[PDB]
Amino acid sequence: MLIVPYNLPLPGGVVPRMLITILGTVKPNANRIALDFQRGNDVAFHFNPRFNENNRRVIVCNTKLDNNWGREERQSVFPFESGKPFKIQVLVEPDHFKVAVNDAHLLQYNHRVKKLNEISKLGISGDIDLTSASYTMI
């Protein structure tokens, strides 16, 4: 078990066939989770489950450039449950991040930040107990 917020270094950034696995349990009164794939201060890929946005559950994805949030991509398919263990897998492909939760495909997010080899940190934060965060080459 790790202390959140947690920074996972991604040395030399990400590359196609890099599979990032995040294992954790959602806290019982969860409001939000965030994965932030960072290129310095920019967020190439913000993955943000929201448990209570207007009494709905939604996943918000976005990019932050020069400290400005861009256009949101939203997904109502919401595989997280308060109190339950999850696995998030982010598979880097040539043109998008592919996200599967609990071995079920969830969403794709097209690369807005092009410099994948400079996306050198993943921030993990929010209402989770973090069990592990790691990556491998498939």
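Numbering starts at 1 and runs along the sequence shown.
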TODO: Could you check which stretch, 51-59 or 106-114, carries the larger mean CA temperature factor in the entry?
DONE: 51-59
Open item on the list: Quick check on the record: does 34-42 or 95-103 carry the larger mean Cα temperature factor?
Closed with: 95-103
Task: Most elevated Cα B-factor in the entry, residues 18, 122, 22, 128 - done: 18
Open item on the list: Using the temperature factors of the C-alpha atoms in this entry, rank residue 82 within its chain: lowest, middle or highest third.
Closed with: middle
